[PDB]
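These notes concern the structure reproduced below.
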2 protein chains.
Amino acid sequence: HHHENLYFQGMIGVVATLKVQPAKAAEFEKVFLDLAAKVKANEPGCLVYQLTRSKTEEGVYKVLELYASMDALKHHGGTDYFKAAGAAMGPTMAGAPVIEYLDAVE
Amino acid sequence: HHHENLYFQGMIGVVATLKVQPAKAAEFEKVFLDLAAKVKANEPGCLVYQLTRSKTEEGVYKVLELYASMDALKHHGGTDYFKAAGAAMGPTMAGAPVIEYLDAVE
């Protein structure tokens with residue numbers, strides 16, 4: 001049906017493009033890696049959570065993420081450590097994030 | 001040094017944006033999923049190999065890929081099954097692929 005895009009029932013991919021101030025990259029990476037270790041350790045529904053750096057745009061990062069389900073993604077976005085990390089990261093940002101959700105094909 | 005971008009010594013992420021003819025999506029997905037099963041089964045250096053569909057652009061797919069090293073990526077691109085799959089997939093394409101390589105942060 002035409003509202004199918006709202007809730008894919010399979011795995012959910014994400015490319016999160018983050019624009020970080022280059023001078024604050026070290027700070028950003030430390031907070032992010034600490035978050036990622038928590039995500040991987042605590043969330044069985046998070047299948048991939050991988051920070052990467054752009055090769056061409058200064059201070060740009062792309063996070064590759066994969067979740068088992070919408071339920072796993074909903075949980076992910078609401079944890080106290082996710083919220084704390086976001087608060088710690090915000091001041092390092094140069095611009096608004098661009099998040100793209102994708103339907104994983106299996 | 002200034003030529004560092006040429007060879008990241010850690011893990012290599014990829015977002016491969018593929019533009020498929022919508023009418024040939026079923027054909028494309030069958031060939032791609034068959035390829036992905038081979039990749040995952042045969043290549044210990046391939047850590048992630050996940051086909052996803054765009055939620056907004058018709059016939060657009062993004063493959064999320066992660067390799068242990070440049071060596072693992074070099075191997076990946078040269079296998080007989082990768083080459084055979086590419087030949088099978090080509091005729092389904094609507095436009096040129098856009099591949100972005102990323103330095104994984106760990």
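Chain identifiers are assigned as A, B, and so on, following the order in which chains appear in the structure tokens; residues are numbered from 1 within each chain, and ligands are numbered from 1 in order of appearance.
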
Expected answer as a ChimeraX atom specification: chain B residues within 9 Å of chain A, only C-alpha atoms | /B:5,12-13,15,29,33,48,50-56,61-62,64-66,100-106

Residue selection dump (C-alpha atoms) as an mmCIF file, in the first residue's frame:
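Saved as again04.cif:
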data_model
loop_
_atom_site.group_PDB
_atom_site.id
_atom_site.type_symbol
_atom_site.label_atom_id
_atom_site.label_comp_id
_atom_site.auth_asym_id
_atom_site.auth_seq_id
_atom_site.Cartn_x
_atom_site.Cartn_y
_atom_site.Cartn_z
ATOM 1 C CA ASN B 5 44.382 9.640 1.632
ATOM 2 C CA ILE B 12 37.679 0.577 4.760
ATOM 3 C CA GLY B 13 34.012 1.516 4.585
ATOM 4 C CA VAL B 15 28.711 3.343 0.440
ATOM 5 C CA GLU B 29 18.083 -8.101 -6.406
ATOM 6 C CA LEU B 33 21.739 -11.331 -3.132
ATOM 7 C CA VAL B 48 29.693 -5.992 6.276
ATOM 8 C CA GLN B 50 24.471 -5.181 3.077
ATOM 9 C CA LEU B 51 22.221 -4.215 0.201
ATOM 10 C CA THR B 52 19.655 -1.525 1.065
ATOM 11 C CA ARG B 53 16.917 0.303 -0.818
ATOM 12 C CA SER B 54 16.346 4.041 -0.938
ATOM 13 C CA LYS B 55 13.118 5.214 0.634
ATOM 14 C CA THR B 56 12.809 8.199 -1.764
ATOM 15 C CA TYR B 61 20.090 1.091 -3.791
ATOM 16 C CA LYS B 62 22.917 1.756 -1.356
ATOM 17 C CA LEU B 64 26.898 -0.675 2.965
ATOM 18 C CA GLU B 65 30.284 -2.429 2.917
ATOM 19 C CA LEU B 66 33.131 -2.759 5.406
ATOM 20 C CA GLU B 100 32.352 6.506 -1.806
ATOM 21 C CA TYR B 101 35.236 4.989 0.167
ATOM 22 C CA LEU B 102 35.504 5.963 3.833
ATOM 23 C CA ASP B 103 38.163 5.515 6.519
ATOM 24 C CA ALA B 104 36.702 3.513 9.391
ATOM 25 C CA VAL B 105 37.497 5.018 12.837
ATOM 26 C CA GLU B 106 38.306 2.620 15.650
#

Near-segment 76-81 of chain B list (9 Å; only C-alpha atoms; drop same-chain fewer than 6 positions) as a list in words |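 Counting only C-alpha atoms, the residues come to residues 35, 38, 39, 43, 45, 46 and 67 of chain B.
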
Residue neighbourhood residue 59 of chain A, 6 Å, only C-alpha atoms, exclusion window fewer than 6 positions, as an NGL selection string = :A and (19-22)

Generate a file of the selected residues that holds C-alpha atoms, formatted as a PDB file, in the first residue's frame.
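Everything below was put into result_33.pdb:
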ATOM      1  CA  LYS A  19      29.493  17.692  10.044  1.00  0.00           C
ATOM      2  CA  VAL A  20      32.097  18.250  12.821  1.00  0.00           C
ATOM      3  CA  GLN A  21      34.315  21.299  13.393  1.00  0.00           C
ATOM      4  CA  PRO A  22      37.764  20.081  12.263  1.00  0.00           C
TER       5      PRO A  22
END

Reference chain A, mobile chain B, all Cα atoms fitted, written as an mmCIF file with C-alpha atoms, in the first residue's frame:
data_model
loop_
_atom_site.group_PDB
_atom_site.id
_atom_site.type_symbol
_atom_site.label_atom_id
_atom_site.label_comp_id
_atom_site.auth_asym_id
_atom_site.auth_seq_id
_atom_site.Cartn_x
_atom_site.Cartn_y
_atom_site.Cartn_z
ATOM 1 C CA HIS B 1 0.000 0.000 0.000
ATOM 2 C CA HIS B 2 1.088 3.604 -0.464
ATOM 3 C CA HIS B 3 2.052 4.207 3.195
ATOM 4 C CA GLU B 4 4.540 1.249 3.228
ATOM 5 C CA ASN B 5 7.554 3.569 3.460
ATOM 6 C CA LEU B 6 6.595 4.417 7.057
ATOM 7 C CA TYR B 7 7.528 1.131 8.638
ATOM 8 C CA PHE B 8 9.794 -1.338 6.994
ATOM 9 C CA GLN B 9 9.387 -4.629 8.780
ATOM 10 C CA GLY B 10 12.888 -5.888 8.160
ATOM 11 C CA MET B 11 16.315 -4.593 9.019
ATOM 12 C CA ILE B 12 16.905 -0.834 8.940
ATOM 13 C CA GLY B 13 20.091 0.675 7.551
ATOM 14 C CA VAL B 14 21.293 4.186 8.303
ATOM 15 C CA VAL B 15 23.892 6.475 6.820
ATOM 16 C CA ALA B 16 24.305 9.394 9.257
ATOM 17 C CA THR B 17 26.363 12.213 7.788
ATOM 18 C CA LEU B 18 27.811 14.372 10.595
ATOM 19 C CA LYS B 19 29.493 17.692 10.044
ATOM 20 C CA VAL B 20 32.097 18.250 12.821
ATOM 21 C CA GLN B 21 34.315 21.299 13.393
ATOM 22 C CA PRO B 22 37.764 20.081 12.263
ATOM 23 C CA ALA B 23 39.504 21.656 15.258
ATOM 24 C CA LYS B 24 37.183 19.651 17.557
ATOM 25 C CA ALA B 25 37.529 16.290 15.753
ATOM 26 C CA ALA B 26 39.578 14.654 18.521
ATOM 27 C CA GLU B 27 36.928 15.568 21.102
ATOM 28 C CA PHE B 28 34.162 14.378 18.825
ATOM 29 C CA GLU B 29 35.872 11.040 18.063
ATOM 30 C CA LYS B 30 36.486 10.266 21.728
ATOM 31 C CA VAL B 31 32.840 10.830 22.654
ATOM 32 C CA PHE B 32 31.616 8.959 19.609
ATOM 33 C CA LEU B 33 33.858 5.922 20.128
ATOM 34 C CA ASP B 34 32.836 5.722 23.759
ATOM 35 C CA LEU B 35 29.179 5.770 22.589
ATOM 36 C CA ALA B 36 29.853 3.100 19.969
ATOM 37 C CA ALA B 37 31.413 0.732 22.469
ATOM 38 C CA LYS B 38 28.287 1.091 24.672
ATOM 39 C CA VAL B 39 25.936 0.613 21.703
ATOM 40 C CA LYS B 40 27.745 -2.570 20.601
ATOM 41 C CA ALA B 41 28.055 -3.953 24.044
ATOM 42 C CA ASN B 42 24.494 -3.213 25.224
ATOM 43 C CA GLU B 43 22.225 -3.547 22.155
ATOM 44 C CA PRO B 44 21.810 -6.973 20.569
ATOM 45 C CA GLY B 45 19.531 -5.355 17.956
ATOM 46 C CA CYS B 46 22.303 -3.127 16.695
ATOM 47 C CA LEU B 47 24.114 -5.180 14.045
ATOM 48 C CA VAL B 48 26.512 -2.512 12.697
ATOM 49 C CA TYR B 49 27.603 0.762 14.237
ATOM 50 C CA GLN B 50 30.679 2.042 12.466
ATOM 51 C CA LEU B 51 32.047 5.563 12.474
ATOM 52 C CA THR B 52 33.896 6.524 9.276
ATOM 53 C CA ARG B 53 35.664 9.628 8.005
ATOM 54 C CA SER B 54 35.168 11.317 4.656
ATOM 55 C CA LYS B 55 38.179 11.253 2.375
ATOM 56 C CA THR B 56 37.244 14.595 0.728
ATOM 57 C CA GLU B 57 35.147 16.845 3.031
ATOM 58 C CA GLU B 58 36.944 18.263 6.068
ATOM 59 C CA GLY B 59 35.309 17.325 9.366
ATOM 60 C CA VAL B 60 32.700 15.116 7.691
ATOM 61 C CA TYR B 61 31.930 11.694 9.153
ATOM 62 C CA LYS B 62 29.496 9.029 7.997
ATOM 63 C CA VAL B 63 28.170 6.531 10.500
ATOM 64 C CA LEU B 64 27.138 3.203 8.956
ATOM 65 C CA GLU B 65 24.401 1.656 11.114
ATOM 66 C CA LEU B 66 22.228 -1.443 10.817
ATOM 67 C CA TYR B 67 19.416 -2.466 13.157
ATOM 68 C CA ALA B 68 17.527 -5.769 13.374
ATOM 69 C CA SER B 69 14.154 -3.968 13.398
ATOM 70 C CA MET B 70 12.341 -0.672 13.916
ATOM 71 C CA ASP B 71 11.981 -1.764 17.611
ATOM 72 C CA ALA B 72 15.782 -1.998 17.930
ATOM 73 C CA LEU B 73 16.139 1.467 16.373
ATOM 74 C CA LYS B 74 13.494 2.950 18.687
ATOM 75 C CA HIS B 75 15.347 1.520 21.674
ATOM 76 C CA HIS B 76 18.681 2.817 20.365
ATOM 77 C CA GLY B 77 17.513 6.410 20.096
ATOM 78 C CA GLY B 78 16.189 6.572 23.660
ATOM 79 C CA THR B 79 18.965 5.227 25.867
ATOM 80 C CA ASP B 80 20.524 7.431 28.591
ATOM 81 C CA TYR B 81 23.996 6.919 27.120
ATOM 82 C CA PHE B 82 22.838 7.888 23.618
ATOM 83 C CA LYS B 83 21.248 11.044 25.026
ATOM 84 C CA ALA B 84 24.328 11.886 27.146
ATOM 85 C CA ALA B 85 26.618 11.344 24.142
ATOM 86 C CA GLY B 86 24.485 13.574 21.939
ATOM 87 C CA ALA B 87 24.701 16.353 24.564
ATOM 88 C CA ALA B 88 28.499 15.939 24.732
ATOM 89 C CA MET B 89 28.846 15.876 20.899
ATOM 90 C CA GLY B 90 26.593 18.794 20.012
ATOM 91 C CA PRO B 91 29.140 21.516 20.808
ATOM 92 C CA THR B 92 31.648 19.912 18.408
ATOM 93 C CA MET B 93 29.290 20.181 15.440
ATOM 94 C CA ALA B 94 29.826 22.540 12.472
ATOM 95 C CA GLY B 95 26.435 21.955 10.838
ATOM 96 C CA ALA B 96 23.242 19.945 10.895
ATOM 97 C CA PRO B 97 23.415 16.159 10.475
ATOM 98 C CA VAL B 98 21.845 14.490 7.483
ATOM 99 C CA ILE B 99 20.376 11.113 8.336
ATOM 100 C CA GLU B 100 19.197 8.678 5.635
ATOM 101 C CA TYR B 101 17.221 5.572 6.618
ATOM 102 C CA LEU B 102 17.339 2.633 4.208
ATOM 103 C CA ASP B 103 15.410 -0.634 3.897
ATOM 104 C CA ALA B 104 17.836 -3.539 4.161
ATOM 105 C CA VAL B 105 17.273 -6.225 1.471
ATOM 106 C CA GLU B 106 17.647 -9.845 2.506
#

Based on DSSP run over this structure's backbone, return all residues of chain A in helix (DSSP H, G or I), as a ChimeraX atom specification.
-> /A:4-6,22-42,70-78,80-92

If you run DSSP on this backbone, which residues of chain A come out as strand (DSSP E), and could you give them as an MDAnalysis selection string?
-> chainID A and resid 12:20 46:53 60:67 93:104

Deliver the residues from the most recent selection as a file, using C-alpha atoms, as a PDB file, in the first residue's frame.
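Final output, saved to out.pdb:
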ATOM      1  CA  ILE A  12      16.905  -0.834   8.940  1.00  0.00           C
ATOM      2  CA  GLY A  13      20.091   0.675   7.551  1.00  0.00           C
ATOM      3  CA  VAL A  14      21.293   4.186   8.303  1.00  0.00           C
ATOM      4  CA  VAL A  15      23.892   6.475   6.820  1.00  0.00           C
ATOM      5  CA  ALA A  16      24.305   9.394   9.257  1.00  0.00           C
ATOM      6  CA  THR A  17      26.363  12.213   7.788  1.00  0.00           C
ATOM      7  CA  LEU A  18      27.811  14.372  10.595  1.00  0.00           C
ATOM      8  CA  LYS A  19      29.493  17.692  10.044  1.00  0.00           C
ATOM      9  CA  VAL A  20      32.097  18.250  12.821  1.00  0.00           C
ATOM     10  CA  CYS A  46      22.303  -3.127  16.695  1.00  0.00           C
ATOM     11  CA  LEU A  47      24.114  -5.180  14.045  1.00  0.00           C
ATOM     12  CA  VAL A  48      26.512  -2.512  12.697  1.00  0.00           C
ATOM     13  CA  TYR A  49      27.603   0.762  14.237  1.00  0.00           C
ATOM     14  CA  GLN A  50      30.679   2.042  12.466  1.00  0.00           C
ATOM     15  CA  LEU A  51      32.047   5.563  12.474  1.00  0.00           C
ATOM     16  CA  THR A  52      33.896   6.524   9.276  1.00  0.00           C
ATOM     17  CA  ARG A  53      35.664   9.628   8.005  1.00  0.00           C
ATOM     18  CA  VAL A  60      32.700  15.116   7.691  1.00  0.00           C
ATOM     19  CA  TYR A  61      31.930  11.694   9.153  1.00  0.00           C
ATOM     20  CA  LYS A  62      29.496   9.029   7.997  1.00  0.00           C
ATOM     21  CA  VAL A  63      28.170   6.531  10.500  1.00  0.00           C
ATOM     22  CA  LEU A  64      27.138   3.203   8.956  1.00  0.00           C
ATOM     23  CA  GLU A  65      24.401   1.656  11.114  1.00  0.00           C
ATOM     24  CA  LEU A  66      22.228  -1.443  10.817  1.00  0.00           C
ATOM     25  CA  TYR A  67      19.416  -2.466  13.157  1.00  0.00           C
ATOM     26  CA  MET A  93      29.290  20.181  15.440  1.00  0.00           C
ATOM     27  CA  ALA A  94      29.826  22.540  12.472  1.00  0.00           C
ATOM     28  CA  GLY A  95      26.435  21.955  10.838  1.00  0.00           C
ATOM     29  CA  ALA A  96      23.242  19.945  10.895  1.00  0.00           C
ATOM     30  CA  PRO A  97      23.415  16.159  10.475  1.00  0.00           C
ATOM     31  CA  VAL A  98      21.845  14.490   7.483  1.00  0.00           C
ATOM     32  CA  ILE A  99      20.376  11.113   8.336  1.00  0.00           C
ATOM     33  CA  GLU A 100      19.197   8.678   5.635  1.00  0.00           C
ATOM     34  CA  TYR A 101      17.221   5.572   6.618  1.00  0.00           C
ATOM     35  CA  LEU A 102      17.339   2.633   4.208  1.00  0.00           C
ATOM     36  CA  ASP A 103      15.410  -0.634   3.897  1.00  0.00           C
ATOM     37  CA  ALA A 104      17.836  -3.539   4.161  1.00  0.00           C
TER      38      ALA A 104
END
